[PDB]
There are 2 protein chains.
Amino acid sequence: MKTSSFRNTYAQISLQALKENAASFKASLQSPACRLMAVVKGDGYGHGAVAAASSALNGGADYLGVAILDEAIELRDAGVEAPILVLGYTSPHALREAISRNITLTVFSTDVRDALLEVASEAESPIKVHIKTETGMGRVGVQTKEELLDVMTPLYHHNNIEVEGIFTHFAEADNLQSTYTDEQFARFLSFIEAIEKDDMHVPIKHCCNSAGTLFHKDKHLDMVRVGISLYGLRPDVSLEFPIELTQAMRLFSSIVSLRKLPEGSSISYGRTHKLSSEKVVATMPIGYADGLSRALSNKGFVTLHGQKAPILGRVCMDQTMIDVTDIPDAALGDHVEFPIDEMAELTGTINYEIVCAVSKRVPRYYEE
Amino acid sequence: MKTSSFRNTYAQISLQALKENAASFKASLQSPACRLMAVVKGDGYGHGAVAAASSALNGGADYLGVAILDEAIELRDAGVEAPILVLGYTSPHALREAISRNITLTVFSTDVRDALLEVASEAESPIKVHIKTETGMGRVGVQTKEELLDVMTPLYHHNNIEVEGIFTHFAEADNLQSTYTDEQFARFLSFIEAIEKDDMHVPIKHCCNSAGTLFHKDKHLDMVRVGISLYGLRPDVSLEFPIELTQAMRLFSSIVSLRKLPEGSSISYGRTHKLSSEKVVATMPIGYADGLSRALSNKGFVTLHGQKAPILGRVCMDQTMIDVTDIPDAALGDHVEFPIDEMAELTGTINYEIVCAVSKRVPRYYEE
Ligand SMILES: *Cc1c(COP(=O)(O)O)cnc(C)c1O
Ligand SMILES: *Cc1c(COP(=O)(O)O)cnc(C)c1O
């Protein structure tokens, strides 16, 4: 993780916010036996995987979730010893590496099942797996009771494999007017009924993401998987948080040039903006190679001195211009802030993408 | 740079293409005295700064360009010894570090001018600077003859500073129906006339980017600054290359799940796509945390087996679904390719952003 720079363009990350958000979530769970999994995929949703994991554990998280084995190995190499579940696919050729670093694996297909049966016969402590079930996200997971039984049963009865978990994922738990989450939950319980009729007991049943955790407490089961709201960001901006949470990331740049340009002057590539009068134009050392979306061209804004300054013309790779004509105290060197949810709204996306897109060129400053 | 992974999602980078592209550009220049600057900002436009710089030098580049001092320091730390120009702003507090690593600096403001005058008062050998002039990009640079003279003259006459260069940048050199590039060029020459009337001779006058280099050979002057087309990508997809170039980056993922889903099934978050009939849906281990634009949701495609497979529903952080129903030989494990220019077109952006957005989670495989 880049954590220093000679350029005043940076993401400030509050570790205390992350810790307190984990504690707030832990306190909110249906039962004290329910585990809090902190989901730190995508390099901690752009905040930094190791920083987010460490903070979340300090706040009471019980498990970590990542998307791919690479991310789990990164955590282990940084000295994180907490349980880690790879939520997505892990291929047969990667299984020995995963088991050697004590990484819990998601399984939903026979190629991985069969490789695991051969590999498990050659390992020290039991291998831990969670089985993924399909209930309506239309993404990954076994699809029928028959397939679940076919995939899980040989793993369950292998003397060196523990089927620790079984889970599903919700497509719209943030839509509080929809029956779909209850329908998915019913299908999930239907899968579970099938394995329990075959006397297979799985100790961690789980289905909730941030939205499920916040708004579907009846579905907390044995573990919840909190991602976006661990970072104090809403699953959907139409929602209001029912627990106390703080946004952990704030994105800043600064003014490195401040100039008056005459009426008729065009700004940036393609001359897509022409000044309607004399304007004071500030240039910032940030652009789309820092992850500032080019779709904010001629439509986004930054804040400074309690006012909004609109972006003029096209966002460049490394530089972006703003109009500070109505902000008389704007000066060379001023730091400015980028609103994360508003950038998502203006470009037709979600805060998840905005924070992940902050590129490796932008240092993260952990201010605690 | 990440260069290995347990997941089959990757950017293949042809070093031979980069080297040959640099050679092709070098051969095309107006005169053999004209220098080729390889622009490798944004981590070599997402290809890898060190790899791109090394390849370009091997192909005949004379100078390297980066956006910010961080990038120049990275190249020096990797053992690159070629001249490097920081094209954007460098702040007063960073000047000593830059000069100690023999980095050429762009200057266009008095804060940096005055700090330089005090610092140069130090240093082993002369400090090299280029002066940025504003001619119509509306971004950075001195704006008037008076300002140019005020900024440059004390630097020119300091016994330990060399004003090696003076430059400008074009807003629409890729627009071959516009007079603006010729107008900018005339303003640039007007700046140059002003300093030469004051008997200040600058050895490297430069103004061309990729588009200027390709289509405005009369403006090559002492050096051209080739970025996007060094990577074999067009400045604008409406253009055809007038010289021989090869696209250096190719982006791939793979099928990690292949399932038949019934009519009426919804795919991914928000149920934004529902199957109009029974479909074979493949899931790929790639999503917007890898830099795959979420704006490709329900509209982008990948290629496999000589056909296009459309993206179904929303791109997730780490996974994306495609329809392979009309591709009978699609199988678990198939690798698929993402078309870079078409992804830009479909999401209303440019190839520059697409290749820079490929995130640090995606390994670069250097093919040669
Ligand atoms: C991303 C993800 C989560 C976390 O979702 P949020 O909305 O970020 O809370 C949980 N589980 C799985 C399987 C995921 O992919
Ligand atoms: C980005 C940039 C270049 C290269 O532009 P391309 O279109 O990528 O060729 C050249 N000069 C300056 C100052 C730049 O910012």
Side-chain angles (χ1 to χ4, degrees), chain A residues 9 253 255-257 259 261 264-276 279-302 308-324 336 338 342-343 346-349 354 357 359 361, chain B residues 39 41-42 45-46 67-68 87-89 132 134-141 168-178 180-181 183-184 209-212 225 227-229 233-239 293 295 341 343-357:
Chain A
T9 291
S253 192
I255 297 179
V256 294
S257 182
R259 301 178 307 164
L261 279 58
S265 307
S266 67
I267 310 296
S268 201
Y269 288 118
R271 313 225 277 146
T272 68
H273 181 86
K274 296 185 186 167
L275 304 184
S276 55
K279 300 295 183 184
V280 181
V281 178
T283 306
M284 306 176 299
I286 186 178
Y288 55 75
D290 300 298
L292 182 65
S293 176
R294 188 177 174 272
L296 292 160
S297 297
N298 283 304
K299 68 165 55 181
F301 68 93
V302 299
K308 300 187 285 79
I311 292 173
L312 298 181
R314 288 188 179 152
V315 173
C316 304
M317 185 169 313
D318 327 293
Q319 315 193 51
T320 300
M321 280 65 69
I322 53 173
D323 186 357
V324 295
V336 307
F338 293 77
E342 290 89 329
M343 284 188 292
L346 289 165
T347 60
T349 189
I354 297 301
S359 83
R361 195 165 70 179
Chain B
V39 179
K41 66 195 195 219
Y45 285 52
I68 65 179
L87 296 163
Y89 180 81
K132 179 69 184 288
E134 168 67 55
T135 59
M137 180 67 176
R139 183 164 71 173
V140 290
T168 198
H169 195 65
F170 296 137
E172 55 181 27
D174 60 316
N175 186 343
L176 309 185
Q177 289 73 48
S178 169
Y180 201 65
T181 303
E183 294 163 3
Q184 291 197 253
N209 51 8
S210 293
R225 310 185 305 271
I228 191 66
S229 297
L233 294 162
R234 292 164 293 178
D236 186 280
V237 289
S238 62
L239 298 163
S293 176
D341 279 332
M343 284 189 291
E345 290 300 290
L346 290 168
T347 61
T349 191
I350 53 180
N351 48 23
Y352 299 72
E353 187 179 30
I354 296 300
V355 294
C356 286

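Residue numbers begin at 1 in each chain, while the letters A, B, ... track the order of the sequences.
Using a 4.5 Å heavy-atom cutoff, the side chains of B:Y89 and A:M284 are not in contact. Two residues are said to be in side-chain contact when any heavy atoms from C-beta on lie closer than 4.5 Å; B:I228 and B:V39 fail this criterion. Two residues are said to be in side-chain contact when any heavy atoms from C-beta on lie closer than 4.5 Å; B:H169 and B:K132 meet this criterion. For the pair A:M321 and A:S268, the minimum side-chain heavy-atom distance is below 4.5 Å. Within the 4.5 Å cutoff, the side chain of A:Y269 has heavy atoms near those of the A:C316 side chain.
Between B:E345 atom CD and B:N351 atom CG the span is 8.5 Å, to the nearest 0.5 Å. The CG atom of A:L275 lies 6.0 Å from the CG atom of A:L261; values are rounded to the nearest 0.5 Å. Of the inter-residue distances, the one linking A:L346 atom CG with A:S297 atom OG reads 12.0 Å to the nearest 0.5 angstrom.
Among residues two or more places apart in sequence or in another chain, the side chain to side chain donor-acceptor pair (under 3.5 Å) test is passed with B:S238 by B:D236. Applying the side-chain contact (heavy atoms from CB on, under 4.5 Å) test to B:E172 and every residue at least two apart in sequence or in another chain returns A:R271, B:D174, B:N175, B:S178, B:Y180. Residues passing the ring pair (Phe, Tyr, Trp, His ring centres under 6.0 Å) test with A:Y288, sequence neighbours excluded: none. B:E134 is linked by a side chain to side chain donor-acceptor pair (under 3.5 Å) to A:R259, counting only residues two or more places apart in sequence or in another chain. With sequence neighbours left out, the side-chain contact (heavy atoms from CB on, under 4.5 Å) criterion links B:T349 to A:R294, B:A344, B:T347, B:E353, B:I354. With sequence neighbours left out, B:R139 forms a side chain to side chain donor-acceptor pair (under 3.5 Å) with no residue at all. Looking at residues two or more places apart in sequence or on another chain, you find a side-chain contact (heavy atoms from CB on, under 4.5 Å) between A:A309 and A:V302, A:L304, A:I322, A:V324, A:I327. Taking the side-chain contact (heavy atoms from CB on, under 4.5 Å) definition, one finds that A:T9 meets it with A:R7, A:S253, A:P285, A:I286, A:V362, sequence neighbours left out. Partners of B:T168 according to the side chain to side chain donor-acceptor pair (under 3.5 Å) rule, which considers only residues two or more places apart in sequence or in another chain, are B:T135.
Side chain of A:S266 to main chain of A:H273: no donor-acceptor pair is present (N/O by atom type, distance under 3.5 Å, no hydrogens or angles).
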**Request:** Go through B:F170 and B:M137 one step at a time and tell me if the side chain to side chain contact (heavy atoms under 4.5 Å, CB included) criterion holds.
**Result:** CA-CA 6 Å; B:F170 296 137; B:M137 180 67 176; over 6 Å; no

**Request:** Could you walk me through whether A:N298 and A:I311 pass the side chain to side chain contact (heavy atoms under 4.5 Å, CB included) test, one step at a time?
**Result:** CA-CA 5 Å; A:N298 283 304; A:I311 292 173; over 6 Å; no

**Message:** Between A:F301 and A:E342, does the side chain to side chain contact (heavy atoms under 4.5 Å, CB included) criterion hold? Intermediate values first, please.
**Reply:** CA-CA 9 Å; A:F301 68 93; A:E342 290 89 329; 4.2 Å; yes

**Request:** Carefully, step by step, assess A:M317 and B:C356 under the rule side chain to side chain contact (heavy atoms under 4.5 Å, CB included).
**Result:** CA-CA 9 Å; A:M317 185 169 313; B:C356 286; 3.9 Å; yes

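Of all heavy-atom pairs spanning B:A173 and B:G212, the tightest one is CB-N, 3.7 Å.
In this pair, B:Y45 and B:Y352 present their aromatic rings tilted. The plane angle is within the 30 to 60° band.
Within the structure, salt bridge (charged side-chain N to carboxylate O under 4.0 Å, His left out) pairs that include any residue of residues 279-289 of chain A do not occur (at least two apart or interchain). The stretch residues 312-324 of chain A participates, sequence neighbours left out, in these side chain to side chain donor-acceptor pair (under 3.5 Å) pairs: A:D318-A:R361, A:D323-A:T325.
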